[PDB]
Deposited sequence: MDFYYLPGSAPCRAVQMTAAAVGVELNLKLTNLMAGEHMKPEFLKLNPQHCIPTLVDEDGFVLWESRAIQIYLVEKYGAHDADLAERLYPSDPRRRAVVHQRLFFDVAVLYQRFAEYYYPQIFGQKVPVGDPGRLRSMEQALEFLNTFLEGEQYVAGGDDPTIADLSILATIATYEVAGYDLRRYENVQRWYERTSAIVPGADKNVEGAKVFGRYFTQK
């Protein structure tokens, strides 16, 4: 399966951790946006939204949005290991609702406000610190972001985001639960060293 990506990119890193978790090997297709590779007609025909990560499966199914990719990887490839899929993406409606809630929080608030503050300011700073405070509150008395006894795809997505906060230069130790979760989760998730490595070397 072809994986159109950039090394420093958080959503790409989330997908790489998820693929490693389900034993999927990705055919890496570096897609340099500065060079305009995502705007070539070959890419546009695959993905009209011209964004990375983009996954092309064995039957030519094309998918983008890292968090939809994560779910697809578990449902289609993780499913061969029943307990594994359950750990990554619990099936109970309530448990799964929380995983979804955290994924939507990651894209619309946590990573969003990171991009709002760092890519162009006291206003967008307070906006971002609020996102971190929310996350800190989510992790109060909890090992993982959506609960559970094991990391879920929500942890993997937020690990990608938070490693970007770290390399940006934000003092994460300010959020005791976030720092704690970040350290312990990075130590236990397969390919999490590649996440930080890739955040650092590129991002």
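The deposited sequence has C-alpha coordinates everywhere except the stretches 121-130, 214-219.
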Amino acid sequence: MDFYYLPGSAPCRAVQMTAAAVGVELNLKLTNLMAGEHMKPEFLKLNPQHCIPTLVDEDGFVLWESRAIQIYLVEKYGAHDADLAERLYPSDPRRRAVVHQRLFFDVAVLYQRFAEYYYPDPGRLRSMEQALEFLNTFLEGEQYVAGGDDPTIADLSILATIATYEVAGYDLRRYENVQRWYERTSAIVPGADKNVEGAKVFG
From here on, numbers count along this sequence of modelled residues.
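Averaged over CA atoms, B-factors in the entry run higher in 186-194 than in the other of 186-194 and 14-22. Mean CA B-factor, 121-129 versus 78-86: the higher value falls on 121-129. In the deposited entry, the Cα temperature factor of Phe3 places it in the lowest third of its chain's modelled residues. Among the modelled residues of the chain, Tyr72 sits in the lowest third by CA temperature factor in this PDB entry. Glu65 sits in the middle third of its chain by CA B factor, as recorded in the PDB entry. When the modelled residues of the chain are ordered by their C-alpha B factor, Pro48 lands in the lowest third.
Among the modelled residues of the chain, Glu140 sits in the middle third by CA temperature factor in this PDB entry.
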